[PDB]
Each structure stands twice: as structure tokens, then as C-alpha cells.
Amino acid sequence: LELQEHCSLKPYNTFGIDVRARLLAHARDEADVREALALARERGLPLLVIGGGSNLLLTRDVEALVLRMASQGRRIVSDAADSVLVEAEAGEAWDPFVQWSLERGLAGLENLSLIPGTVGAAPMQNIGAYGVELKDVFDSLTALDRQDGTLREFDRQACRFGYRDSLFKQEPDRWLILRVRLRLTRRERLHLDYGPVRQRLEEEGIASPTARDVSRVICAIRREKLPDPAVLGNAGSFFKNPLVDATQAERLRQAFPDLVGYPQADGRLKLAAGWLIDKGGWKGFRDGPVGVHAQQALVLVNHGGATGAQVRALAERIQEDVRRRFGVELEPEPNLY
Ligand SMILES: Cc1cc2nc3c(=O)[nH]c(=O)nc-3n(C[C@H](O)[C@H](O)[C@H](O)COP(=O)(O)OP(=O)(O)OC[C@H]3O[C@@H](n4cnc5c(N)ncnc54)[C@H](O)[C@@H]3O)c2cc1C
Ligand SMILES: NC(=O)c1ccc[n+]([C@@H]2O[C@H](COP(=O)([O-])OP(=O)(O)OC[C@H]3O[C@@H](n4cnc5c(N)ncnc54)[C@H](OP(=O)(O)O)[C@@H]3O)[C@@H](O)[C@H]2O)c1
């Protein structure tokens with residue numbers, strides 16, 4: 001395991017918070033996972049699973065065995081022509097898995113290009129971008145049950161996926177995800193509902209656009225506009241878009257005719273949290289070593305030397321302010337430890 005004691009977790013989280021782990025272990029398969037568990041329980045410690053630390057807010061030194069998930073394996077399980085079942089291990093890095101699938105002429109992941117982190121973590125938060133979510137192509141996964149050590153498979157329904165949500169995010173510390181299966185496609189329609197994607201693809205004038213083309217466009221948009229954690233510490237969009245009631249949407253829109261919201265099948269409005277934050281006047285905010293990025297209003301940043309507590313308390317302040325200004329509660333995306 002390359003077990004390690006009293007160890008900075010700085011390089012293991014994208015916010016670049018510097019706290020220490022009682023023990024840090026790397027895992028490369030079920031054997032190692034099972035061993036880390038045993039040990040964790042040997043030493044009387046809780047176990048904290050991490051992938052690439054791209055959706056993690058650490059707020060304190062971690063009295064626990066931290067297990068960096070780093071197993072490997074990407075393969076075609078089964079080819080059924082218009083769809084192909086594929087499987088990847090939890091430690092596989094996400095965007096390179098996407099690239100893998102596209103190099104095999106499989107579509108369905110392109111809209112999730114360049115999302116950081118790991119395959120293992122993807123179902124926990126039901127990763128989504130540009131009109132697509134992991135559940136849309138999800139087939140099943142295999143998870144270790146932390147209450148008794150057994151393996152279980154979850155099919156799509158069992159995972160109780162929702163917007164930036166799953167059974168696994170709902171029952172924290174219960175399931176350890178080992179590998180993931182997705183059903184990808186050939187020959188289906190591209191997902192181009194997001195204007196900037198559609199327009200940037202048009203401008204390249206491909207005769208017959210494919211998934212690979214869509215992926216290059218999305219990677220380019222994301223590199224252009226998104227703070228890279230390796231320069232400016234962050235965990236991406238800090239806040240989920242809030243969904244409001246119809247009569248509450250009605251009321252907010254009376255207050256604000258410029259309000260940005262997207263109607264749902266059930267009558268509710270998905271508000272744009274960037275718009276809210278911006279309009280509450282936080283864009284580019286800065287106060288000691290924390291702030292909100294000047295352009296991307298969802299991206300909370302560590303300008304350098306922030307504590308996790310500082311990011312937390314800034315998030316809290318913004319939430320509080322937006323509750324008070326718009327009557328809306330913004331939920332966090334990152335997992336808080
Ligand atoms: C610059 C940037 C852009 C981003 N853009 C997007 C985006 O477009 N869409 C989107 O959805 N997200 C986005 N994110 C968030 C993030 O990349 C995803 O949430 C990602 O799935 C987290 O993966 P990770 O491996 O980094 O998870 P970590 O941050 O390592 O872990 C997240 C949570 O999952 C748990 N976990 C991790 N692995 C396992 C496992 N194997 N079994 C059980 N639990 C586990 C951890 O304990 C933790 O609670 C972005 C983040 C950044 C920094
Ligand atoms: N969570 C993260 O860390 C992270 C980081 C980077 C990008 N992203 C995602 O990647 C995509 C691009 O991000 P962005 O920050 O540039 O925002 P964007 O495309 O400028 O869109 C801004 C806001 O409008 C919404 N939106 C735009 N077009 C839409 C449509 N056709 N239908 C429904 N909603 C629409 C987005 O919702 P949605 O967010 O619901 O799409 C978001 O609230 C988004 O889908 C976003 O979720 C996420």
C-alpha cells in the first residue's frame with residue numbers, strides 16, 4: 001500500500017488545502033481495498049475514500065486512513081452493435097477514459113469531456129455537463145458494502161441518481177465503488193442543446209460531425225474559460241443550480257425580469273446559480289486568501305494559502321446572502337470533510 005503517516009493531502013485535492021492524513025494509502029485492486037478496510041478497522045480509524053480530490057473540501061487534519069483510489073482497467077465487456085457495454089476500474093482517470101471510449105468509435109461520453117477526477121467517483125455525484133449526465137449511459141456498478149465486506153452490484157435504478165446526487169452521496173461511508181459499467185453507442189444523435197457547443201461545432205464546418213468532434217469543441221470551451229486548479233485552487237462549480245416552485249419562480253421573476261431559469265417537465269424552474277451570485281454582486285469578490293473568480297461566478301477560489309475553513313466560511317456567507325436577497329438556498333457541490 002505504500003502506507004504513509006502524517007502526511008500532507010495538498011496534492012490530493014484541487015483546492016490545494018494543506019491538511020494532513022493520519023495514514024495515507026494508495027490502492028490498486030480489490031485485495032488492497034479489502035486490506036485498507038481491515039487495517040483502518042485494525043487501527044480503530046475511519047476510512048476516507050478519495051479519487052482525484054476534485055470534489056472534496058477538506059477543512060481539518062484527517063484522523064483516518066485516507067485511501068487514494070488508483071486501480072486500473074478499461075475494457076469492452078460486450079459489443080451489441082448500436083451499443084457497447086464498457087467497464088472501467090474506479091481509479092481510472094475520467095477524461096482519459098472518455099478519450100479511450102472515443103478512440104474506439106463509441107459515443108455518449110463526449111459531453112463529459114475534460115471533467116476531472118475518477119471513474120469511481122463519477123456515479124457518486126452523477127457527473128454532468130452540457131445536457132448529459134452519467135446516469136444517461138450508466139449500466140451498473142460493483143461496490144463493496146462497508147457494513148459487512150460483501151460485494152454488491154447496483155443497476156441504474158438502485159443508484160437513485162438525481163441532479164448532482166445518488167444513493168452513494170445520500171448514504172455516505174456505506175459503499176465503496178470498485179468498478180463501473182456504462183452502455184455507449186454508435187450512430188446516435190449528438191447532444192447539442194447547449195448553444196456554445198452547437199455554435200462552436202458549426203464554425204469548424206465538419207462535413208459529418210461525430211462524437212470526437214463534439215469532444216474537441218467541449219475541451220476547447222472548458223480550457224478557455226475554466227480556472228485550472230493547478231494554478232488557482234478550486235473544486236469547480238461550488239454551488240448546484242437551485243430548483244424552485246412555480247409560484248416562487250413566478251414571484252422571483254416579478255422581482256427580476258432578467259432572471260435566468262430553465263423550465264422542467266414538472267413545472268418547476270431550475271435557476272442558474274451563476275446568475276444569482278453574480279446578481280447578488282459576488283463575482284470577483286475577494287477577502288483575504290479566498291474569493292469568487294472574476295468571470296465564473298460559481299467558482300470559489302483559493303488565491304493561495306487558504307484553509308478549508310476559510311472556503312467553507314466564504315461559502316456560508318454567500319449562501320446566507322443569497323437566502324436573504326432572493327430567498328434561495330444554494331447547495332454545495334463539493335463533499336465537506
Ligand atoms: C475544474 C473543475 C471542473 C469540474 N467540472 C465538473 C462538471 O462539469 N460536472 C460535474 O459533475 N462535476 C465537475 N467537477 C466536480 C468533480 O470533477 C466531479 O464531481 C468528480 O466526479 C469527482 O471525482 P474525484 O475522483 O475527484 O472525487 P473526490 O473529490 O476524490 O471524491 C468525491 C466524493 O466521492 C467519494 N468517492 C470517491 N471515490 C469513491 C469510490 N471509489 N467509492 C466511494 N466513494 C468515493 C469521496 O469520498 C468524496 O466523498 C469539476 C471539478 C473541477 C475541479
Ligand atoms: N459542476 C461543475 O464543477 C462544473 C464545472 C464546469 C462546467 N460544468 C458544467 O458544464 C456545463 C458548462 O458550464 P458553465 O459553467 O459554462 O455554464 P453555461 O453553459 O454558461 O450555462 C450557465 C447556466 O445555464 C445553464 N444552461 C445553459 N444552457 C442550458 C440549456 N440549453 N439547458 C439547460 N440549462 C442550461 C447551466 O446549467 P447546468 O449547469 O445544469 O448545465 C448553468 O446553470 C454545464 O452543463 C455545467 O453544469 C460543471
Side-chain angles (χ1 to χ4, degrees), residues 9 12-16 27 33 47-58 64 66-71 89-95 111-134 141-144 146 163-166 168-169 171-180 191-198 218 221-243 260-264 269-278 293 295-301 332-337:
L9 289 175
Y12 294 90
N13 77 106
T14 67
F15 252 118
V33 159
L47 191 133
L48 176 66
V49 192
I50 72 173
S54 68
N55 203 42
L56 209 46
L57 176 52
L58 304 180
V66 174
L67 188 72
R68 165 51 146 122
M69 209 79 183
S71 51
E89 300 282 310
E92 286 280 352
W94 174 256
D95 179 63
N111 286 46
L112 306 179
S113 308
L114 215 71
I115 295 174
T118 67
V119 164
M124 171 166 292
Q125 355 251 250
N126 188 19
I127 60 175
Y130 290 113
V132 176
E133 296 179 332
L134 185 83
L141 64 83
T142 290
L144 193 145
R146 285 162 68 168
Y163 172 64
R164 296 299 187 275
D165 206 20
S166 65
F168 315 107
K169 184 166 205 135
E171 306 182 338
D173 285 321
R174 177 71 198 277
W175 313 98
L176 208 166
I177 288 162
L178 296 185
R179 65 193 61 91
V180 173
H191 288 259
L192 308 173
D193 286 6
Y194 284 51
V197 190
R198 200 153 62 252
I218 280 169
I221 293 168
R222 293 185 66 111
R223 289 194 177 294
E224 266 151 28
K225 73 190 273 201
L226 304 186
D228 180 346
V231 175
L232 186 55
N234 71 95
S237 284
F238 200 88
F239 297 110
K240 295 161 55 185
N241 291 330
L243 266 75
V260 178
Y262 292 85
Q264 310 291 286
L269 197 58
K270 174 181 70 150
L271 309 181
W275 191 88
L276 294 177
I277 286 172
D278 182 17
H293 185 253
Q295 312 304 324
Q296 315 305 307
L298 293 156
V299 187
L300 264 53
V301 293
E333 200 176 84
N335 303 89
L336 318 175
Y337 291 95

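All heavy atoms count here, side chains included; hydrogens, waters and symmetry mates do not. Index from 1, following the sequence. In each ligand, atom 1 is the first atom listed, and ligand 1 is the first ligand listed.
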Worksheet item: Which part of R222 is near ligand 2, with near meaning a heavy atom under 4.0 Å away: side chain, backbone, both or neither?
Response: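 The answer is the side chain.
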Do ligand 1 and [X] have nitrogen or oxygen atoms that lie under 3.5 Å from each other?
X	answer
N126	no
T14	no
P116	yes

Out of [options], who gets a non-hydrogen atom closest to [atom]?
atom	options	result
atom 18 (P) of ligand 2	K240, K225, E133	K225
atom 5 (C) of ligand 2	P116, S54, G117, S237	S237
atom 46 (C) of ligand 2	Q264, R164, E333	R164

For [atom], grab the closest protein heavy atom and report residue, atom and distance to one decimal in Å.
atom	answer
atom 43 (O) of ligand 2	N241 ND2, 2.8 Å
atom 21 (O) of ligand 1	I127 CG2, 3.4 Å
atom 31 (N) of ligand 2	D193 O, 3.5 Å

Practice prompt. Would you mind listing which atoms of ligand 2 come within a distance below 4.0 Å of any non-hydrogen atom of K270?
Written response: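 Counting atoms of ligand 2 from 1, those under 4.0 Å from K270 are 33 (C), 34 (N), 37 (O), 38 (P), 40 (O).
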Worksheet item: Do ligand 2 and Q296 have nitrogen or oxygen atoms that lie under 3.5 Å from each other?
Response: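 No, there is no polar N/O contact under 3.5 Å.
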